[PDB]
Amino acid sequence: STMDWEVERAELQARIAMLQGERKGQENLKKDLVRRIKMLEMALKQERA
Amino acid sequence: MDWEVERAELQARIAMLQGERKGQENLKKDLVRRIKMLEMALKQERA
């Protein structure tokens, strides 16, 4: 029957889903961190002037 | 056959995603360190 394959395929897809979820979380966090750095740079410059 | 092909493509996908984790985590560490030092710099200047 197709059961063994459906079970295997679901486990693979789940591992992919977890990896893709982690990556997406990291990508979004990275983009937010970049904005924070830019704004700190501007605050530092303004504070210095 | 059609399972063997999908199996191979799903497995390649997991492999390439696994190999990219350390680089993502390196970059995160990079950016968090930049923020830490900038926050110190700002505090010290405001003090």
# chains A, B, ... in the order shown; residues from 1 in each chain; ligands from 1
>>> interface_residues(of="chain B", to="chain A", cutoff="7 Å", atoms="only C-alpha atoms", output="PDB file with N, CA and C atoms, in the first residue's frame")
ATOM      1  N   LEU B  10      13.393  16.000  -1.611  1.00  0.00           N
ATOM      2  CA  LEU B  10      13.091  16.391  -0.233  1.00  0.00           C
ATOM      3  C   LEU B  10      14.309  16.238   0.670  1.00  0.00           C
ATOM      4  N   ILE B  14      16.367  19.248   2.792  1.00  0.00           N
ATOM      5  CA  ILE B  14      16.727  19.200   4.206  1.00  0.00           C
ATOM      6  C   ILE B  14      18.229  19.429   4.385  1.00  0.00           C
ATOM      7  N   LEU B  17      19.210  23.091   3.723  1.00  0.00           N
ATOM      8  CA  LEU B  17      18.725  23.947   4.808  1.00  0.00           C
ATOM      9  C   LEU B  17      19.549  23.783   6.092  1.00  0.00           C
ATOM     10  N   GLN B  24      23.461  31.566   9.239  1.00  0.00           N
ATOM     11  CA  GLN B  24      22.415  32.419   9.781  1.00  0.00           C
ATOM     12  C   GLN B  24      22.745  32.805  11.215  1.00  0.00           C
ATOM     13  N   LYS B  28      23.517  36.479  12.887  1.00  0.00           N
ATOM     14  CA  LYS B  28      22.777  36.973  14.043  1.00  0.00           C
ATOM     15  C   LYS B  28      23.746  37.421  15.153  1.00  0.00           C
ATOM     16  N   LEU B  31      25.350  40.746  14.270  1.00  0.00           N
ATOM     17  CA  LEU B  31      24.497  41.920  14.420  1.00  0.00           C
ATOM     18  C   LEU B  31      24.188  42.246  15.886  1.00  0.00           C
ATOM     19  N   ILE B  35      25.069  45.820  17.935  1.00  0.00           N
ATOM     20  CA  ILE B  35      24.090  46.518  18.757  1.00  0.00           C
ATOM     21  C   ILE B  35      24.614  46.719  20.179  1.00  0.00           C
ATOM     22  N   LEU B  38      27.179  49.445  20.114  1.00  0.00           N
ATOM     23  CA  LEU B  38      26.562  50.726  19.813  1.00  0.00           C
ATOM     24  C   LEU B  38      25.752  51.238  21.001  1.00  0.00           C
ATOM     25  N   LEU B  42      26.429  54.708  22.943  1.00  0.00           N
ATOM     26  CA  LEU B  42      25.381  55.717  23.124  1.00  0.00           C
ATOM     27  C   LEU B  42      25.218  56.084  24.604  1.00  0.00           C
ATOM     28  N   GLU B  45      28.141  58.150  25.760  1.00  0.00           N
ATOM     29  CA  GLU B  45      28.076  59.510  25.236  1.00  0.00           C
ATOM     30  C   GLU B  45      26.996  60.338  25.954  1.00  0.00           C
ATOM     31  N   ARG B  46      25.870  59.700  26.277  1.00  0.00           N
ATOM     32  CA  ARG B  46      24.787  60.369  27.006  1.00  0.00           C
ATOM     33  C   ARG B  46      25.086  60.597  28.496  1.00  0.00           C
TER      34      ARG B  46
END
>>> decode(residues="stretch 18-30 of chain B", atoms="N, CA, C and O atoms", output="PDB file, in the first residue's frame")
ATOM      1  N   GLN B  18      19.956  22.552   6.386  1.00  0.00           N
ATOM      2  CA  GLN B  18      20.794  22.272   7.555  1.00  0.00           C
ATOM      3  C   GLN B  18      22.149  22.973   7.441  1.00  0.00           C
ATOM      4  O   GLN B  18      22.643  23.530   8.414  1.00  0.00           O
ATOM      5  N   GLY B  19      22.733  22.954   6.245  1.00  0.00           N
ATOM      6  CA  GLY B  19      24.045  23.538   6.031  1.00  0.00           C
ATOM      7  C   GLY B  19      24.070  25.052   6.171  1.00  0.00           C
ATOM      8  O   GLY B  19      25.143  25.651   6.334  1.00  0.00           O
ATOM      9  N   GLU B  20      22.894  25.678   6.117  1.00  0.00           N
ATOM     10  CA  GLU B  20      22.814  27.140   6.157  1.00  0.00           C
ATOM     11  C   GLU B  20      22.557  27.696   7.547  1.00  0.00           C
ATOM     12  O   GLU B  20      22.601  28.913   7.749  1.00  0.00           O
ATOM     13  N   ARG B  21      22.293  26.820   8.510  1.00  0.00           N
ATOM     14  CA  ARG B  21      21.931  27.274   9.851  1.00  0.00           C
ATOM     15  C   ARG B  21      23.061  28.022  10.537  1.00  0.00           C
ATOM     16  O   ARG B  21      22.835  29.079  11.140  1.00  0.00           O
ATOM     17  N   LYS B  22      24.270  27.471  10.463  1.00  0.00           N
ATOM     18  CA  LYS B  22      25.393  28.054  11.191  1.00  0.00           C
ATOM     19  C   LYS B  22      25.690  29.465  10.684  1.00  0.00           C
ATOM     20  O   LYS B  22      25.976  30.367  11.481  1.00  0.00           O
ATOM     21  N   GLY B  23      25.590  29.653   9.370  1.00  0.00           N
ATOM     22  CA  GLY B  23      25.766  30.962   8.758  1.00  0.00           C
ATOM     23  C   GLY B  23      24.723  31.988   9.182  1.00  0.00           C
ATOM     24  O   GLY B  23      25.051  33.165   9.443  1.00  0.00           O
ATOM     25  N   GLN B  24      23.461  31.566   9.239  1.00  0.00           N
ATOM     26  CA  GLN B  24      22.415  32.419   9.781  1.00  0.00           C
ATOM     27  C   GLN B  24      22.745  32.805  11.215  1.00  0.00           C
ATOM     28  O   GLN B  24      22.578  33.959  11.622  1.00  0.00           O
ATOM     29  N   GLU B  25      23.192  31.824  11.992  1.00  0.00           N
ATOM     30  CA  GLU B  25      23.430  32.050  13.412  1.00  0.00           C
ATOM     31  C   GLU B  25      24.705  32.874  13.613  1.00  0.00           C
ATOM     32  O   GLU B  25      24.803  33.646  14.565  1.00  0.00           O
ATOM     33  N   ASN B  26      25.670  32.728  12.706  1.00  0.00           N
ATOM     34  CA  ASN B  26      26.852  33.589  12.720  1.00  0.00           C
ATOM     35  C   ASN B  26      26.432  35.039  12.525  1.00  0.00           C
ATOM     36  O   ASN B  26      26.828  35.922  13.295  1.00  0.00           O
ATOM     37  N   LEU B  27      25.633  35.284  11.487  1.00  0.00           N
ATOM     38  CA  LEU B  27      25.219  36.645  11.153  1.00  0.00           C
ATOM     39  C   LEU B  27      24.410  37.257  12.286  1.00  0.00           C
ATOM     40  O   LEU B  27      24.611  38.419  12.633  1.00  0.00           O
ATOM     41  N   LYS B  28      23.517  36.479  12.887  1.00  0.00           N
ATOM     42  CA  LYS B  28      22.777  36.973  14.043  1.00  0.00           C
ATOM     43  C   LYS B  28      23.746  37.421  15.153  1.00  0.00           C
ATOM     44  O   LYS B  28      23.580  38.507  15.735  1.00  0.00           O
ATOM     45  N   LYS B  29      24.769  36.605  15.425  1.00  0.00           N
ATOM     46  CA  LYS B  29      25.756  36.945  16.457  1.00  0.00           C
ATOM     47  C   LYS B  29      26.518  38.214  16.094  1.00  0.00           C
ATOM     48  O   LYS B  29      26.813  39.027  16.964  1.00  0.00           O
ATOM     49  N   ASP B  30      26.856  38.358  14.813  1.00  0.00           N
ATOM     50  CA  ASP B  30      27.471  39.571  14.293  1.00  0.00           C
ATOM     51  C   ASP B  30      26.612  40.775  14.675  1.00  0.00           C
ATOM     52  O   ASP B  30      27.085  41.717  15.326  1.00  0.00           O
TER      53      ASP B  30
END
